[PDB]
Amino acid sequence: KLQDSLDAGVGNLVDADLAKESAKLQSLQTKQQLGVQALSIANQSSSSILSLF
Amino acid sequence: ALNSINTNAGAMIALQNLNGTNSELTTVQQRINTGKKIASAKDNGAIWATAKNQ
């Protein structure tokens, strides 16, 4: 009985909640996809200078 | 003098308007990159400080 209590205590100390990690993973994947597109938008600046010359 | 060869104000004013458009574009791109309106202390000092402390 004591060993079961100690195992449960350590698990309570260091375990995670995967239900929350799923939501965080979804939001972060969407944000990374948006960040790549934002970098692509930022790269195409200064390309309009060539028309002046 | 409508025929001056040394200067023309049309180019100056076109340049000024182009620079204004570029500045607005920079602000919008920053909003898109960071995903938030108040990202730094330049955007809004009061709201940025409040959010940091909270």
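Rundown of residues vs (1) more than 17 Å from B:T34 (Cβ to Cβ); (2) surrounded by 10 or more Cβ atoms within 10 Å (Cβ to Cβ); (3) more than 16 Å from the chain's Cα centre (by Cα); (4) among the small types (G, A, S), yes/no style:
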| residue | (1), (2), (3), (4) |
| --- | --- |
| A:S5 | yes, no, yes, yes |
| A:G11 | yes, no, yes, yes |
| A:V14 | yes, no, yes, no |
| A:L25 | yes, yes, no, no |
| A:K31 | no, yes, no, no |
| A:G35 | no, yes, no, yes |
| A:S47 | yes, no, yes, yes |
| A:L52 | yes, no, yes, no |
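Taking into account only those residues within the stretch B:41-54 that are surrounded by fewer than 11 Cβ atoms within 10 Å (Cβ to Cβ) and of a type in the set (S, T, N, Q), which is nearest to the other protein chains (Cβ to nearest Cβ)?
Out of the qualifying residues, it is B:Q54.
Look at B:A11 and say whether it is of a type outside the set (S, T, Y), within 14 Å of chain A (Cβ to nearest Cβ), under 30 Å from A:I49 (Cβ atoms) and assigned to a loop (DSSP other than H, G, I, E, B). Lay out the reasoning, then the answer.
Details: of a type outside the set (S, T, Y): yes; within 14 Å of chain A (Cβ to nearest Cβ): yes; under 30 Å from A:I49 (Cβ atoms): yes; assigned to a loop (DSSP other than H, G, I, E, B): no.
Judged against the criteria, B:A11 is not a match.
Of A:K31, A:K24, A:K20, which residue is assigned to a helix (DSSP H, G or I), charged (D, E, K, R), without any contact (Cβ under 8 Å) to a residue 24 or more places away in the chain and within 11 Å of another protein chain (Cβ to nearest Cβ)?
On the way: A:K24 fails: within 11 Å of another protein chain (Cβ to nearest Cβ); A:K20 fails: within 11 Å of another protein chain (Cβ to nearest Cβ).
Of the residues listed, the single one that is assigned to a helix (DSSP H, G or I), charged (D, E, K, R), without any contact (Cβ under 8 Å) to a residue 24 or more places away in the chain and within 11 Å of another protein chain (Cβ to nearest Cβ) is A:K31.
Name the residue that is nearest to A:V36 (Cα to Cα), counting only residues in the stretch B:14-37 that are within 14 Å of another protein chain (Cβ to nearest Cβ) and assigned to a loop (DSSP other than H, G, I, E, B). Can you show your working first?
Of all residues in the stretch B:14-37, those within 14 Å of another protein chain (Cβ to nearest Cβ) come to B:14-15, B:18-19, B:21-36.
Add one more test, that the residue is assigned to a loop (DSSP other than H, G, I, E, B), and what stays is B:35-36.
Numbers: B:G35: 13, B:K36: 16 Å.
Looking at residues that are within 14 Å of another protein chain (Cβ to nearest Cβ) and assigned to a loop (DSSP other than H, G, I, E, B), I get B:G35.
Run A:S45 past the list (1) closer than 30 Å to B:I32 by Cβ; (2) assigned to a helix (DSSP H, G or I) and report the number of the one that doesn't hold.
So the condition that A:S45 fails would be (2).
Here the Cβ is made from the backbone with ideal geometry for all residues, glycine too, and neighbour counts use every protein chain on show. No value in this document is a laboratory result; all are computed from the given coordinates.
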